[PDB]
Amino acid sequence: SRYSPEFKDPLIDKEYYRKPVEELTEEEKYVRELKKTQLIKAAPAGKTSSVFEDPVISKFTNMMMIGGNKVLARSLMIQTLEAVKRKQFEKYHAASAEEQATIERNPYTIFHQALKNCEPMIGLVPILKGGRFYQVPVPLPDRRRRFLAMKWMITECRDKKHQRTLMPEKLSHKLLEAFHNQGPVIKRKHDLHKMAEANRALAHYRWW
Amino acid sequence: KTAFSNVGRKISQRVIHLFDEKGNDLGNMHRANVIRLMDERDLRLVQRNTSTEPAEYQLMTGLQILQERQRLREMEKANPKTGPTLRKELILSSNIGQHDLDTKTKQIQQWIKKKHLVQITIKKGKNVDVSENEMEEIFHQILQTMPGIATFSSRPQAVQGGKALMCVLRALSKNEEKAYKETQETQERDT
Amino acid sequence: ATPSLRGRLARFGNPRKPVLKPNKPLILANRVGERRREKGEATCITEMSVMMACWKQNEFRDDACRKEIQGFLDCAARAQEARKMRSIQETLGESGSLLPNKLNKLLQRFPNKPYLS
RNA sequence: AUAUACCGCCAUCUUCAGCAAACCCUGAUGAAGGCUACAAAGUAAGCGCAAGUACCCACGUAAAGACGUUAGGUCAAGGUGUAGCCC
RNA sequence: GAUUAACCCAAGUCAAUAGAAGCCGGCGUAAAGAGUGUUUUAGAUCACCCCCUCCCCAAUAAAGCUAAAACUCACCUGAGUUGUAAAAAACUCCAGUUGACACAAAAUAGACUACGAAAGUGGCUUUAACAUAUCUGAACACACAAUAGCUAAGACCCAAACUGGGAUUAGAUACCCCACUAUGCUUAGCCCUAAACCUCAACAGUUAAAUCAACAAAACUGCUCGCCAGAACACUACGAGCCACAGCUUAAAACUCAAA
Ligand SMILES: [K+]
Ligand SMILES: [K+]
Ligand SMILES: [K+]
Ligand SMILES: [K+]
Ligand SMILES: [K+]
Ligand SMILES: [K+]
Ligand SMILES: [K+]
Ligand SMILES: [Mg+2]
Ligand SMILES: [Mg+2]
Ligand SMILES: [Mg+2]
Ligand SMILES: [Mg+2]
Ligand SMILES: [Mg+2]
Ligand SMILES: [Mg+2]
Ligand SMILES: [Mg+2]
Ligand SMILES: [Mg+2]
Ligand SMILES: [Mg+2]
Ligand SMILES: [Mg+2]
Ligand SMILES: [Mg+2]
Ligand SMILES: [Mg+2]
Ligand SMILES: [Mg+2]
Ligand SMILES: [Mg+2]
Ligand SMILES: [Mg+2]
Ligand SMILES: [Mg+2]
Ligand SMILES: [Mg+2]
Ligand SMILES: [Mg+2]
Ligand SMILES: [Mg+2]
Ligand SMILES: [Mg+2]
Ligand SMILES: [Mg+2]
Ligand SMILES: [Mg+2]
Ligand SMILES: [Mg+2]
Ligand SMILES: [Mg+2]
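Chains as they are written, first to last, in our numbering: chain A, 5 to 212; chain B, 78 to 268; chain C, 50 to 166.
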């Protein structure tokens, strides 16, 4: 890195700065007087102080980016969010006053809930015991569960099974499926859970 | 191996074709329902047939499971099935000494009496120049010691890029064995 | 009290047969052994087997097993932090009687003298 | 012809940190070995690392990288020892 | 090899052969303390003087006994039990609980360090019982001597060569799993071997001088017996002895090497 170890990462949060002094603790007061003496890295060209900034969608966009083509990756993301919203506005107007209350029309709420419904709670990692590697049901850290949900969704949409369907239509359809606990990405989660359950007897092989 | 034992409370498949202790067909049902039936009737679940696409399981008592297992072992003890043919491999050299070829020839004979398949490979000896016709003569030498006991299951065929030969030997079938005895007797009558 | 060593080794003057046959001289070294890491074992299996039990009974539907699923995640979170807590205390020596490095510097000052000076 | 005679210029460990003159001491003056900082026989020039310099910073990247290891590569860069050819 | 020069001896030179100098040194690991103890004829001065570990702890022989764990049988329950890195084979008059029940083996104590010549000896009881009022001493004898093995008659839980089966492997006459026998036990006779090694002989004495090749378990003195003398051939050949007949004890030489 061209930043010396002395450079600290920037904290981009307006609220963190407008917070009154009285509310601050003696520890939080020390951190603030310390940062005035520290070197701060330049803000990356991705995240800003915008109120419409979503780190999850920004991350999902980077996992869809091919060869540094962020403009295209961003275009696909915003096209997917519009396709989700239009599909819900169509389901909303065609529904009865009672069903309308249960219909979500926010694509950000659908996007987040769709991914949370695909996160695998348990994982399988190879473990060496007695000179033999064994697949073993193991807990997954929170970072890993979020990554797998994204990677599985993107992988499913890139599958060749879809013929001539554009990504914003594929991804929009898969998100709404997972939003309702359906589709092939949820099945992939159930498979990993079934494989973890059938290897329950092999749990002891883990040493942590 | 597949054993005739209680499958347990955990059934691998979601949809299960079930039968009654008396053989009555209960149809297809979810594994959760089967677990309720096992507790309701206090019976254990066994797997009768697995090849069928809808998994076939049967409810049975502990005594019944034993009686079935007793039947099966008598069927085998009385009518034992032949085991799968075990393949024994030998890798020889063209310049193999004659004492070591007799040792391995005696070993091949014991494999043929046990009705095994003997895959014999012959490679070119170290720092030796040999032709495929000379390497193929060793096979005949090995099979000449077993006149009416062994024959070629697969005939000598170049392999490994033509560097080595390879044949498969087997024990003569009962029909082929009676034929050898017949032909041998005819020669005796002629002589 | 340390077991006796009188008449235990094969030596000139000792009539009896040897009691002990040490492969190494019974002389104190100037160092102690290094702290031997304890064999690792799987943890949180109890909570892991309750979550997988509910899945088995509810067709692997997470909606019915929310309470057990959260319990398994809490156990791993607590155990994950336990990895950091133990490691910190293990290096600090909070639980150890003394650290082999600390205990060996002390023996360096009082080395065993099996020879005459 | 000989890289198994070599110079020259290099690969490689090296994405290493060691090498070592001259002394001193231990082992009964054997091959050998030489540290403990609340210190117990080592002192060590030099070389390398490092430091400096180049590029956009003190960062990073370059460059640098000893002694040796593989008779490693190259007699066909050029030069050259030895042997050989000269209608 | 020839050649040049030099070197040694010299009417000689020096190729082969033979001879001439053959023991006061050793024995933890280099060859060597012979598996163990005990005589005679003798040897030693360690015997009179002059003195301090008698008894008990796991010596030995005999007879009797049994706490834990097995096996077997029975009743009641279960459908499986066994096997593990993982399988297969094996059993299914099987497994679990309870009760009854050895001619097998002897947790803990034992962190003790004893007994016995050594080999060996560690459940309980009882009987008998553990040589020598100098020392050394029998390979010419006598009596012993782990384990394995032989002969005969018995017992039989468990283990287990061999053998059979399963697996592995290029092969697997193995290592891994299962079954089972000789054998391990008793009685009566044999056999007489171990890395029978604590590889350190017995008795008496010393801790100063040179402490002392190395390592190991510090270095020595007196005295005695036993043993050793390059490697390999060779725990072999032959002879002899032996209840040993594919055995044991004693034990060479030729050829070979410049090391071991
Ligand atoms: K060179
Ligand atoms: K050149
Ligand atoms: K040249
Ligand atoms: K006992
Ligand atoms: K004990
Ligand atoms: K002996
Ligand atoms: K020994
Ligand atoms: Mg194979
Ligand atoms: Mg040792
Ligand atoms: Mg070279
Ligand atoms: Mg570079
Ligand atoms: Mg540098
Ligand atoms: Mg070369
Ligand atoms: Mg090369
Ligand atoms: Mg010796
Ligand atoms: Mg002795
Ligand atoms: Mg004697
Ligand atoms: Mg005597
Ligand atoms: Mg004996
Ligand atoms: Mg016997
Ligand atoms: Mg047995
Ligand atoms: Mg028996
Ligand atoms: Mg007994
Ligand atoms: Mg012994
Ligand atoms: Mg001896
Ligand atoms: Mg003696
Ligand atoms: Mg003495
Ligand atoms: Mg000799
Ligand atoms: Mg012998
Ligand atoms: Mg003999
Ligand atoms: Mg003889």
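Ideal placement from N, C-alpha and C gives every residue a C-beta, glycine not left out.
Inter-residue Cα distance where the pair is residue 172 of chain B and residue 188 of chain B: Residue 172 of chain B sits at position 95 when you count from the first residue of the second sequence. Residue 188 of chain B sits at position 111 when you count from the first residue of the second sequence. Going by the C-alpha atoms only, they are around 23 Å apart.
Beta-carbon proximity check, residue 109 of chain A vs residue 83 of chain A, cutoff 8 Å: Position 105 of the first sequence, counted from the start, is the residue given in the question as residue 109 of chain A. Position 79 of the first sequence, counted from the start, is the residue given in the question as residue 83 of chain A. Against a cut-off of 8 Å, the Cβ pair of residue 83 of chain A and residue 109 of chain A comes out as no contact.
7 Å Cβ cut-off: residues of chain C touching residue 91 of chain B: Along the second sequence, one-based indexing puts residue 91 of chain B at 14. Near residue 91 of chain B (Cβ distances below 7 Å), the residues of chain C are 108.
Distance between residue 104 of chain C and residue 194 of chain A (C-alpha atoms, nearest Å): The residue labelled residue 194 of chain A in the question sits at position 190 within the first sequence. The residue labelled residue 104 of chain C in the question sits at position 55 within the third sequence. Straight-line Cα distance between these residues: approximately 10 Å.
Whole-angstrom distance between residue 66 of chain A and residue 20 of chain A, CA atom to CA atom: In the first sequence, counting from the first residue as 1, residue 20 of chain A sits at position 16. In the first sequence, counting from the first residue as 1, residue 66 of chain A sits at position 62. Distance between the alpha carbons of residue 20 of chain A and residue 66 of chain A is about 27 Å.
Sequence ranges, alpha helix (DSSP H) only - wholly within the region 145-169 of chain B, length at least 4: Look at the region 145-169 of chain B and you find no whole run of alpha helix (DSSP H) that is 4 residues long or longer.
Residue 223 of chain B (DSSP reduced to helix, strand or coil): By 1-based counting over the second sequence, the position of residue 223 of chain B is 146. If DSSP states are grouped into helix, strand and coil, residue 223 of chain B belongs with coil.
Exposure of residue 108 of chain B, with buried meaning 16 or more beta-carbon neighbours within 10 Å: The residue labelled residue 108 of chain B in the question sits at position 31 within the second sequence. Buried, because 16 or more other Cβ atoms sit within 10 Å of the Cβ of residue 108 of chain B.
Beta strand (DSSP E) segments (min. 3 residues) lying fully within the region 6-39 of chain A: Counting only runs of 3 or more, we get nothing.
Stretch pair the region 184-193 of chain A + the region 108-125 of chain A: three plus CB contacts closer than 8 Å: Touching, per the Cβ criterion.
Reduced DSSP secondary structure (H/G/I, E/B, other) of residue 248 of chain B: Residue 248 of chain B sits at position 171 when you count from the first residue of the second sequence. The DSSP-derived three-state label of residue 248 of chain B is strand.
Rounded C-alpha distance that separates residue 106 of chain B from residue 112 of chain B: Locating residue 106 of chain B in the second sequence gives position 29, where the first residue counts as 1. Locating residue 112 of chain B in the second sequence gives position 35, where the first residue counts as 1. Taken atom to atom, the span from the alpha-carbon of residue 106 of chain B to that of residue 112 of chain B is near 11 Å.
Rounded separation between residue 131 of chain C and residue 151 of chain C - CA only: If you number the third sequence from 1, residue 131 of chain C lands on position 82. If you number the third sequence from 1, residue 151 of chain C lands on position 102. Within the model, the alpha-carbon separation for residue 131 of chain C versus residue 151 of chain C is close to 25 Å.
For residue 164 of chain C, the three-state DSSP class (helix, strand or coil): If you number the third sequence from 1, residue 164 of chain C lands on position 115. Residue state, collapsed to three classes: coil.
Beta-carbon gap between residue 97 of chain C and residue 141 of chain A smaller than 8 Å: In the third sequence, counting from the first residue as 1, residue 97 of chain C sits at position 48. In the first sequence, counting from the first residue as 1, residue 141 of chain A sits at position 137. Here residue 97 of chain C is near residue 141 of chain A, since their CB atoms are less than 8 Å apart.
Proximal residues of chain A, C-beta to C-beta of residue 105 of chain C below 7 Å: Residue 105 of chain C sits at position 56 when you count from the first residue of the third sequence. Those within 7 Å of residue 105 of chain C in chain A are 201.
Alpha carbon of residue 163 of chain B to alpha carbon of residue 198 of chain B, nearest angstrom: What you label residue 163 of chain B is simply residue 86 of the second sequence in a count that begins at 1. What you label residue 198 of chain B is simply residue 121 of the second sequence in a count that begins at 1. Their backbone Cα atoms lie some 17 Å apart in a straight line.
Expected contact under 8 Å - CB spacing of residue 195 of chain B and residue 178 of chain B to nearest Å: One-based indexing of the second sequence puts residue 195 of chain B at position 118. One-based indexing of the second sequence puts residue 178 of chain B at position 101. Rounded, the Cβ-Cβ distance is 14 Å, inconsistent with contact.
Short CB-CB distance (under 8 Å) between residue 120 of chain C and chain A: As a position in the third sequence, residue 120 of chain C is number 71, starting the count at 1. Output row for residue 120 of chain C: interface = no.
Nearest-angstrom Cα separation, counted from residue 154 of chain C out to residue 13 of chain A: Residue mapping note: residue 13 of chain A aligns to position 9 of the first sequence, counting from 1. Residue mapping note: residue 154 of chain C aligns to position 105 of the third sequence, counting from 1. When rounded, the distance between both Cα atoms is 42 Å.
For residue 206 of chain A, the nearest candidate out of A:137, A:16, A:31 and A:62 (CA to CA): Position 202 of the first sequence, counted from the first residue, corresponds to residue 206 of chain A. Looking at A:137, A:16, A:31 and A:62, the one whose alpha-carbon comes closest to that of residue 206 of chain A is A:137.
Neighbouring residues, chain C, relative to residue 87 of chain B (Cβ below 7 Å): Looking up residue 87 of chain B in the second sequence gives position 10. Within chain C, the residues near residue 87 of chain B are 105.
Residue 49 of chain B in three-state terms, based on DSSP: The requested residue 49 of chain B is not part of the displayed model; chain B covers only 78 to 268.
Per-residue burial, residue 211 of chain A [other beta carbons within 10 Å of its own, 16 or more giving buried]: Here residue 211 of chain A refers to the residue found at position 207 of the first sequence. Classification of residue 211 of chain A: exposed, given that the 10 Å Cβ count is below 16.
Cβ shell of residue 76 of chain C (< 6 Å), same chain only, five flanking positions each side left out: The residue given as residue 76 of chain C occupies position 27 in the third sequence. Around residue 76 of chain C: 163.
Boundaries of the alpha helix (DSSP H) in which residue 115 of chain B is found, first to last residue: To locate residue 115 of chain B, count along the second sequence from 1; it is residue 38. For residue 115 of chain B, the enclosing alpha helix (DSSP H) stretches over residues 108-118.
Contact list for the region 121-140 of chain C against chain A, Cβ threshold 9 Å: Closer than 9 Å at the C-beta level to chain A, one finds these residues of the region 121-140 of chain C: 121, 122, 124, 125, 126, 128, 129 and 132.
Short Cβ contact (8 Å threshold) for residue 53 of chain A with residue 89 of chain A: Taking the first residue of the first sequence as position 1, residue 53 of chain A is located at position 49. Taking the first residue of the first sequence as position 1, residue 89 of chain A is located at position 85. Cβ atoms of residue 53 of chain A and residue 89 of chain A: not closer than 8 Å.
CB contact check: residue 248 of chain B to chain C, cutoff 8 Å: Here residue 248 of chain B refers to the residue found at position 171 of the second sequence. Interface with chain C (8 Å Cβ-Cβ cutoff): residue 248 of chain B is excluded.
Same chain, Cβ closer than 6 Å to residue 118 of chain B, five either side skipped, listed in chain order: Translated into the one-based positions of the second sequence, residue 118 of chain B becomes position 41. Counting only Cβ-Cβ distances below 6 Å, and skipping sequence neighbours, we find nothing.
The region 80-93 of chain B / the region 148-165 of chain A touching (three or more Cβ pairs under 8 Å): No: fewer than three Cβ pairs fall under 8 Å.
When B:265, B:218 and B:175 are compared against residue 246 of chain B, the one with the closest alpha-carbon: By one-based count along the second sequence, residue 246 of chain B stands at place 169. Comparing Cα positions, the closest option is B:218.
Contact between the region 61-77 of chain A and the region 29-36 of chain A (3+ Cβ pairs under 8 Å): No, they do not touch.
Spatial neighbours of residue 148 of chain B in its chain, beta-carbon cut-off 6 Å, leaving aside the 5 residues before and after: Stepping through the second sequence from its first residue, residue 148 of chain B is reached at position 71. Its chain contains no residue whose beta carbon lies nearer than 6 Å to that of residue 148 of chain B once the 5 sequence neighbours on both sides are disregarded.
Nearest residue (CA-CA) to residue 125 of chain C, options A:5, A:127, A:7 and A:133: The residue you call residue 125 of chain C lines up with position 76 of the third sequence. For residue 125 of chain C, the closest of A:5, A:127, A:7 and A:133 by C-alpha to C-alpha distance is A:127.
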